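Below you will find one chain, with nothing else, as structure tokens; this is the form deposited in one PDB entry, and questions on how it binds or moves follow later.
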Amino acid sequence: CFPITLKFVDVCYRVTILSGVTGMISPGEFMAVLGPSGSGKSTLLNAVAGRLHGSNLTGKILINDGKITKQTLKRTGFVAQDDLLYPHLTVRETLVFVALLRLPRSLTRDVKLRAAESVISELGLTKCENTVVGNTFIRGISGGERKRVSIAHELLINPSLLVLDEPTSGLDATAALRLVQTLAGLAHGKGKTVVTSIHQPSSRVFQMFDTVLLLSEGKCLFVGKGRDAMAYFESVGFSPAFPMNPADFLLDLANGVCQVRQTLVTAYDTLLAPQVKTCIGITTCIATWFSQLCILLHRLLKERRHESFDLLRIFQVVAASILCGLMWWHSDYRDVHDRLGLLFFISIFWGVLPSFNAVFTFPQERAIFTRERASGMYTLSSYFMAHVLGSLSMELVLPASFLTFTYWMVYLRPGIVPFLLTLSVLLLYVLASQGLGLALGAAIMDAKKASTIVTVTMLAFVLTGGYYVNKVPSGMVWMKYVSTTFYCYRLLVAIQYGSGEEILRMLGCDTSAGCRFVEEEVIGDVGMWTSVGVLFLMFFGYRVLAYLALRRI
């Protein structure tokens, strides 16, 4: 193994939440960053892992007596408090995909699979490797297993310095003890440098750590051996008045509640601090981008299959198709108004549903994307393109089945050519609306606010679709040309009626009002090819804007 002797001196995160903190941890030591809420333990462990930087951070952080560099980040892993795992991917599949993404591409796929399986077996996940990870919504692995998977995500890289952040927070006592035992075995058996910040450790848990460092409102008050806390603190003059837990005594004293803070921090600076101070390729790029794309597509296929194929959504589409095939059951080709209403309702449904359902995919996965992009698992372009391709594959199945039922139940324009034409138009419109939803959900990451914004914009698109109101004011017809629903409706009308020659012959005109009812509603101001071109342009441009918005964050 490549050992890491991590050190930190005078690290003060002056915003203060950190000041006057020093010490070190040697390889094979199981660290304990204890302290109460707001004492800077999480801040200290984020800073020591390279997450925090800039003028807000002072002091020195040394890795093997050297400044933290890129190779350091390649050799140290950080387990954040928030477990950002894909709910519908099993533990084995999740960590296999992570190993494929973050391990160097020089390693063969079989070698990455073997490493992933070894990591599964080492962390005790082999009993639930085939169990779906799940989340609070869909049942899956337990909290301890979820945190173990989160650690394993940072263990496939094989780091000697593993900096966890509250791994037993919100965990069962037995499960927390088992996880702390696993961390201690990693520090001892694997010879790793494990640094963890346990919120409120238990008794056996406190017995597990080989080295304890606790702060006090941003000031490190005691750094030393795990079992040397009691002796040092009774030497200072602070002793339990009852059978107090060493961890509980340590935390309660951190607040200054004993029998305080200033006298004992001075004592630490005069007795223990001196002791701890004296103790111290273009084709290759294309290939890797495409492999990242493939791995991300395979890992998000389950997410799309449970998101785009939601049973509630499936029932929604089925009910819409049944209502379409019953309301327009064997609809006459000559009934211009009813057929146009059907086409406009199809446009409304398949513009509202895809955009609305897409507007959440980016806000709900933003945390996972940021966590896995800051670690270098994949680039933004590859992740965004894989998301776009998977959603393209999965958001057309429901409209395709809907149209397959409706077109033949309604008795629309017969033949196979107009069925493929209207199916292509409907799928392109669904893709364009979905891209608009993606752009709106990426521009701002508030899921509810983005939902309201896409609702407002598609309400505007529908009201300008050319059906509800035909005599648009001269100062408002401009918006009609930027509405996806308008172009879809015009394409559907052109497929069903063409230039309206046959329907105009049926009407007779080529009454003034009757002619107008079939003149502007059937023969629009946009050609059949111009509408297709603008639909494709919007399909590309909305996703381009979504990618730019992702680049903004």
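In this text, the rigid core denotes the largest set of C-alpha atoms whose superposition between the two forms falls within 1.5 Å. Residue numbers run from 1 along the displayed sequence.
Same protein, other form: the form deposited in another entry, not shown, and the subject of what follows.
- Lining up the core between this form and the one not shown shows that one residue from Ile368, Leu113, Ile322, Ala175 moves its Cα 2 Å or more, and that residue is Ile322.
- Taking the rigid core as fixed, one finds a CA shift for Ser347 of 2 Å or more between this form and the one not shown.
- In this overlay on the rigid core, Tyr497 has a C-alpha that sits 2 Å or more away from its partner position between this form and the one not shown.
- Relative to the superposed core, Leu412 undergoes a Cα shift of 2 Å or more between this form and the one not shown.
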